[PDB]
Amino acid sequence: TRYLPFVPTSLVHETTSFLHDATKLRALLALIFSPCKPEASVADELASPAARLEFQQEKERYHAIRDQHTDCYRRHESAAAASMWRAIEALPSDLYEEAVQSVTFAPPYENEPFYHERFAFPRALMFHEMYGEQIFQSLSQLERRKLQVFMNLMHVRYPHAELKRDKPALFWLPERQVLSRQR
Amino acid sequence: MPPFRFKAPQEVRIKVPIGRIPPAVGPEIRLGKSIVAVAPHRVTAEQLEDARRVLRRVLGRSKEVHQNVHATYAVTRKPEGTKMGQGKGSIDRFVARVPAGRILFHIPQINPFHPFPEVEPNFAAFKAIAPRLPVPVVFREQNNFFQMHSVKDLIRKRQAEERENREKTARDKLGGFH
Amino acid sequence: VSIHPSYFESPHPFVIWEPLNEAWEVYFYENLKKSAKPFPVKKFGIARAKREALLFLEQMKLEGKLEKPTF
Amino acid sequence: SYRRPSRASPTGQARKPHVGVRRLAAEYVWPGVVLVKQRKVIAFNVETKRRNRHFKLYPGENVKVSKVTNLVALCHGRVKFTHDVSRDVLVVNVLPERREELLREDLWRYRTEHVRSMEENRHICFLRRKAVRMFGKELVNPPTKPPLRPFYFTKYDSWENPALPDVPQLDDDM
Amino acid sequence: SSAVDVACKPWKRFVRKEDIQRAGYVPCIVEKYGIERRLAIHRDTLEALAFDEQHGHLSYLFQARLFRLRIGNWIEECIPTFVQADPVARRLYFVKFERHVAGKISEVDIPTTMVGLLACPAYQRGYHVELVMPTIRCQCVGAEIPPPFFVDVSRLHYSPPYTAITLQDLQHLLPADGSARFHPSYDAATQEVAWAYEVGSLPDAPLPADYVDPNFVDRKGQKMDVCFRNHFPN
Amino acid sequence: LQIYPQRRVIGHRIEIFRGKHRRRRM
Amino acid sequence: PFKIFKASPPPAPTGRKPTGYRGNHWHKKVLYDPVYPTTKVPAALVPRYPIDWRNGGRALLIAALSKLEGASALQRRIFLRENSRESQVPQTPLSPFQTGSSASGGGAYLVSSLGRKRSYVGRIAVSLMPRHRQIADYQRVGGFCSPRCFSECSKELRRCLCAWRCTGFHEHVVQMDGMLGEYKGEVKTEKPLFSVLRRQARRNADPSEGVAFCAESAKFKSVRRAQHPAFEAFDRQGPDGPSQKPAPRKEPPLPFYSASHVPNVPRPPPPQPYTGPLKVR
RNA sequence: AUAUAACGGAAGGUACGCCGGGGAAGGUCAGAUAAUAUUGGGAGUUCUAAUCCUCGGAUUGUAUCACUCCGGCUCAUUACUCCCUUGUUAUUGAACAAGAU
RNA sequence: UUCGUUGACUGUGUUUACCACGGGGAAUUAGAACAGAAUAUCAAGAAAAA
RNA sequence: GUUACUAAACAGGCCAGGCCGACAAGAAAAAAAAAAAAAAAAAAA
Ligand code: FES
């Protein structure tokens, strides 16, 4: 037979309860639309003239300095791209096909019933893995709370990240059993 | 690429105009023996099947025969219980629209008797089926035997050389000339 | 057909070979504007199209229509 | 039991489409003249059809597209046709000119020609055009009499009646 | 090898194809690598070469020979490239030759010949031996054209499901100077020139997708409109 | 659908003249 | 498991206005054809499932994740992508003012934004992700480092650290990795596109020749055999001459007769443009 | 707003009938079909042609089926070696007799 | 952008493609003018020495 | 200069006569990405 992808409620019980709980839904919505101050009447102000003047000054300074700083990186990147394209053009026609395939290349999938190995990104090369301990030790209290909440919502979104790896067969069911289910 | 037994084209059950039979683009050439239509006509499926059965029976199980054309073109006829003018009639038979010069059947076995040019081809099955086809026919045999490989030419040259030698000896023996 | 490559060489800047239409185009100036008349091979033949283009060039030269308008 | 089609006699379609060009090359036209009649309805297996109706023409210089996709003129001029090799379609253009005698020596300007792009089509229209509006030209035997009368009065009026007086021609440059 | 010298006379300045035909000749046009030259060739002489088999129609050797036509003081070395001949009768209507020049590729379908079928073990055992490819495409650049390729079947034994003689076997027949070769598109190891198999044992295959039903072709050379219907089984 | 003009002739070249068949200017 | 006999998903039903039932609205012409205008499908008639946790709650979770990461990270990623696609050659440094003399712009994004009068509010609106495809794309490449780490971080639980503290030299690392890791070949789609197509690298003319050493002459010589010069030219440059016979049949002659001379359609379609790589000058 | 979708906008019988006007057993065609042979097949102890049945194609032909004002009696005319009668001694699966083509 | 808006306007001018006529109505022009009201979109921003 | 109109037969068949005050008119603007992977939300603006 032929199977179709599916995710049954039992294997994702956590997120369903998370989204069906009223209080958790309210908290998630407040996080999304934070702050929750009113914006309808004319008398609704969440700041003050002086406060937002100081904020504007700081923001302008930050943007000016960031643009002054990153411009050298941008120029270097432009030169590097020029060199890369020049090299690709210099390559012979035999090697052209391989030289344009991007890291994640893989031959097309066959539904049967220069590519030596699959692409795998070393997890030790991820920025947050390389510098996780230093950044964590340098975080603030609010940033730590933010990291905690980000973790918890990531887990809620993906309760089965490891389960899919372990038992991928649980997420594929036949057409004659999948198409016959109401929404 | 290997040998295969291709399935026959199917019968098209779609009403179509009587039309005309277009001419052949050119000569149709196939090695072996061929029975080739000489005038245009439409040959019925029953006629083609009868010819195939007769050819198989005559040639034997060990020999293979290829039916080159197939009856796929529908032809209609009215039932006797219908009045005139009430549309086209129901499909009645299927035909192959054979033009002149189209091969009906052929056997791809090449003649083995290259060194026996006086033994002209065996057209027994073709003769058996020809008087029953609604088309005049011609029997052909092409084996890719070219005159450059003819053995009769060598035979003739040898005979001529032998004759010349014989006359030379006779003249020398009688001794009437230097 | 078989043709020498020198056929497509033009002897004057105002005579051009246009290969999309396979025609000899002759440029000239009329009524303070630039125009081009084509001479097709499909019309005149291989050699005659070029010959007629050259004759038209000479005619325009006599008429004085090869001169650049000035404002 | 034969099902007689609805379009059998006497209830067949009275008026046929008549899809295609309605003005030939070198013909003189003015704004509003329908150069090509076309329809919006399209067949369900067009790419397999062979009749010339199904394959529409394309507007070019001084030509508009109508609601039903008719190609209509937008300026006083003479019709020209072009063949687009890239798209393999026919393109209808109008070279702007004032009314005057159509001479044998000027017929080459309205030949159907092959182009690869609409930019080249515009270039060819400029090159074959007779003159520009801002400079004009010396008209060769231009008409001098009033136009033909309205159709509802007479369908068979006479062109350039010598008995009628000369009237100024002040509409064919627009 | 198979080159033929022939004598021709002019196709004059107001005669037509039909006139030359009724005069007992065949009209021919030699072209490519020079001017287009018209001529007429005695029909008996030309049809002897075209239909050189007593019971056979147009011979594959005709479009593969090197003709050496002689007209006036000129000699045209060419090959027949277009032949209009009667479908039924052994009649030549019109011929178009293309010149052959040493140095430029000529695409010639050189025929194959099996004269030694009586020495074939498979044939003697009662199995069917077939010459699958009447001609082999070749690119010829030499001053001469290769003669027909002799396919030797004296060592062709039968083993199920079939035995085949392929192009790599014949590869040794090409000229030693490299003036001719098989078409590069040919896969010599899998292109089969001859088969030996048993009747009635072949596996079933579907009709090729490139099949065009000859019963639904109009007089213009186009498919009938019914061929595009959704219900057209072929 | 298009009617294609006949090019080769069967007999003599066609010639058109004004009026019905009669004795006329020669 | 990973290997499975996958079923081809049924096509999604594109809606239609309840009109024009007797006409073929699915011609294969390209928007916006002057003579073959395409019928629009109103967004209110496209069939869409009712909103549940599978399509709504997931969007809410991804939106909360984006809120935690900060819309500034998304804005920066979009800006970096847009500037990279347009600054692939050395530019002169650009200041945003005629007299600043000290301030630098930070990319040709400045030139593009000035030329298009792009909406400062519009960039924020885009970064706030009001659309289903935008949220779906953030769920897949939402990571700040995506140009170098692709979708590998799509499920990482410490991913927000990149958004919070990936700046300066680390941003430069991300860009330099992405430039080498990105695709540079021909894109093959039949769907409409309206933006500047991504670059496709030009291909060099000559191929590489294999050479092996020969001690008989103490020199390197080509591996391939000699062949006639005409055959070499045919193999290298192509068929030669303006006309040649078609390719010889590679299959055994069919036993049945078929009208192979007949073209596929009475009126062939127009020629297709060459979408492949161009040559190098 | 309105009915015109018959979309330039719905009772029947007459063999009691009447008036005006106009007329379908042929002539023609040849699908089945008839005659003659012929091809393939099946019968005939054995045997394709003593003889019988059937199929396809061919030529010829119109018994049956698909342009007027039934049957019998009386009188008939013409074609077909045709139902009996002829070819001693065609062929025969012809002893003879009675028969068959 | 998650962007406006209601020209899906009020009138003067008998000229125009098609053509039995009618329904300029398989669905033609800026009749390029004129008298009102409305909606959207401006342009410019040049010059960085030794 | 210039080749285009054109479905007659109780011929071989088609018909749903309808939608929209606007993500359906619509200024400006924007708009659909090879292979593979992740996700199993029918998703370009
Ligand atoms: S988001 Fe992947 S390493 Fe930073």
Side-chain angles (χ1 to χ4, degrees), chain A residues 1-34 109 111 113 146-183, chain G residues 1-15 46-69 129-143 150-160:
Chain A
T1 85
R2 304 234 213 147
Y3 305 83
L4 282 172
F6 180 50
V7 176
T9 58
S10 298
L11 283 37
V12 294
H13 158 252
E14 274 146 325
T15 165
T16 64
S17 56
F18 180 90
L19 291 163
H20 283 348
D21 175 65
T23 36
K24 242 158 253 203
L25 196 58
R26 220 280 182 191
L28 194 55
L29 266 53
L31 175 45
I32 292 165
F33 299 97
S34 55
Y109 156 82
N111 203 27
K146 283 179 189 178
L147 172 48
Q148 190 50 56
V149 171
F150 183 97
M151 293 219 192
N152 309 352
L153 299 186
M154 257 289 179
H155 181 264
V156 177
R157 168 62 194 114
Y158 303 109
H160 46 258
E162 297 178 351
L163 184 52
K164 189 108 70 169
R165 207 209 263 131
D166 291 0
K167 308 142 130 154
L170 298 173
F171 301 93
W172 288 90
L173 300 59
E175 312 181 0
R176 296 164 183 171
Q177 299 183 352
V178 154
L179 297 172
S180 64
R181 296 173 179 175
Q182 304 174 16
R183 303 287 290 97
Chain G
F2 303 109
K3 226 39 190 183
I4 203 147
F5 199 21
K6 300 165 158 313
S8 56
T14 59
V46 177
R48 305 235 169 252
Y49 295 114
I51 290 170
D52 72 10
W53 67 269
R54 306 196 87 130
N55 50 27
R58 299 209 189 111
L60 292 182
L61 293 173
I62 303 289
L65 295 170
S66 201
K67 179 64 140 145
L68 284 159
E69 298 215 48
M129 276 195 315
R131 290 176 181 266
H132 181 105
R133 163 65 171 265
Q134 293 163 335
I135 273 193
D137 261 355
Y138 193 85
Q139 160 170 269
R140 177 171 87 71
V141 314
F150 295 100
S151 196
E152 310 275 90
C153 291
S154 204
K155 285 186 265 44
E156 291 291 337
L157 302 83
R158 312 233 146 171
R159 187 184 75 199
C160 55

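Here is how names work: the chains are called A, B, and so on, in the same order as the sequence lines, proteins then strands, and each is numbered from 1. Excluded from the calculations below are hydrogen atoms, water molecules and symmetry mates; all remaining heavy atoms, backbone and side chain alike, are included.
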Ring-face cation of G/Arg54 near G/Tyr49 (centre distance under 6.0 Å, axis angle within 45°): no
Are any side-chain N or O atoms of [X] and backbone N or O atoms of [Y], one a donor and one an acceptor, separated by less than 3.5 Å?
X        : Y        : result
G/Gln134 : G/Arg131 : yes
A/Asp21  : A/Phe18  : no
A/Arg181 : A/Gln177 : yes

Taking every non-hydrogen atom, the tightest pair across [X] and [Y]:
X        : Y        : answer
G/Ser151 : G/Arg140 : OG-O, 2.9 Å
G/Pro50  : G/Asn55  : O-ND2, 3.2 Å
G/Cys160 : A/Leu147 : SG-CD1, 3.6 Å
G/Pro47  : G/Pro13  : CD-O, 3.3 Å
A/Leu170 : A/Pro8   : O-CD, 4.4 Å
A/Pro159 : A/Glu14  : CB-OE1, 3.4 Å

To the nearest 0.5 Å, how far apart are [atom1] in [X] and [atom2] in [Y]?
X        : Y        : atom1 : atom2 : result
G/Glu152 : G/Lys155 : CD    : NZ    : 8.5 Å
G/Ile62  : G/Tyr138 : CD1   : OH    : 9.0 Å
A/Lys146 : A/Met151 : NZ    : CE    : 15.0 Å
G/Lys67  : A/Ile32  : NZ    : CD1   : 9.5 Å
A/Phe6   : A/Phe171 : CZ    : CZ    : 10.5 Å
G/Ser66  : A/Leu153 : OG    : CG    : 12.0 Å

Is the CG atom of A/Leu29 crowded by more than 12 outside heavy atoms at less than 6.0 Å? yes
Flag yes if more than 12 heavy atoms outside G/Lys6 fall under 6.0 Å of its NZ atom; otherwise flag no. yes
Could you work out, with side chain to side chain donor-acceptor pair (under 3.5 Å) as the rule, every residue matching [X], not counting sequence neighbours?
X        : answer
A/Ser10  : none
A/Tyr158 : none
A/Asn111 : A/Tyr109

Does the side-chain contact (heavy atoms from CB on, under 4.5 Å) test come out yes or no for A/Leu19 and A/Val156, once each step is laid out? CA-CA 9 Å; A/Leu19 291 163; A/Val156 177; 5.9 Å; no
Is there a donor in the side chain of G/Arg58 and an acceptor in the side chain of G/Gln139, or the other way round, less than 3.5 Å apart? no
For A/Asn152 and A/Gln148: C-alpha separation, side-chain torsions, deciding distance, then whether side-chain contact (heavy atoms from CB on, under 4.5 Å) applies. CA-CA 6 Å; A/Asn152 309 352; A/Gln148 190 50 56; 2.6 Å; yes
Run the numbers on G/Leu65 and A/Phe150 for side-chain contact (heavy atoms from CB on, under 4.5 Å), then give the verdict. CA-CA 6 Å; G/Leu65 295 170; A/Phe150 183 97; 4.0 Å; yes
Evaluate A/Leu11 against A/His160 for side-chain contact (heavy atoms from CB on, under 4.5 Å), listing each step before the verdict. CA-CA 7 Å; A/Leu11 283 37; A/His160 46 258; 5.5 Å; no
